[PDB]
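Take a look at this single chain, the form deposited in one PDB entry, given in structure tokens.
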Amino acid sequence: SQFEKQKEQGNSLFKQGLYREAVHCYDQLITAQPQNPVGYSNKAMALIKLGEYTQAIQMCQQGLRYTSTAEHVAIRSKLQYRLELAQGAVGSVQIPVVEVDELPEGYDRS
């Protein structure tokens, strides 16, 4: 029986820029024992990273149910912090980290 092993082994994947795998690395906590907010303190940060803010808020309000104690004194406010920003990014973009652009097909050829 384990929990932190599968989750921590994807904390890097969440930071590699391939977030689709990183969602799929924190979902097993919400199914192994959802009685812990940490399962909603990393998925709740990778769903937003693809653009699924709509699903991230549906996880923030399901992790704040498990921060009733000092074992999660910061997660108690990190799911709120992201909820407090998902309602302004589910249809807008002012915190991008992987956006891209090209030339106007008329640049100075240099």
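From 1 onward, residues are counted along the sequence shown.
The same protein also has a form deposited with a partner chain bound, omitted here; what follows describes it.
Colleague: Quick check on residue 85: any heavy atom within 4.5 Å of its partner chain in the deposited complex?
Modeller: It does: once its partner chain is placed as it appears in the deposited complex, residue 85 has a heavy atom within 4.5 Å of it.
Colleague: Against its partner chain in the deposited complex, would residue 28 count as a contact residue? Criterion: heavy atoms within 4.5 Å.
Modeller: Judged by the heavy-atom cut-off of 4.5 Å, residue 28 is well away from its partner chain in the deposited complex.
Colleague: Determine whether any heavy atom of residue 42 comes within 4.5 Å of a heavy atom of its partner chain in the deposited complex, and answer yes or no.
Modeller: It does: once its partner chain is placed as it appears in the deposited complex, residue 42 has a heavy atom within 4.5 Å of it.
Colleague: At the 4.5 Å heavy atom threshold, is residue 55 in contact with its partner chain in the deposited complex?
Modeller: Outside the cut-off, so no.
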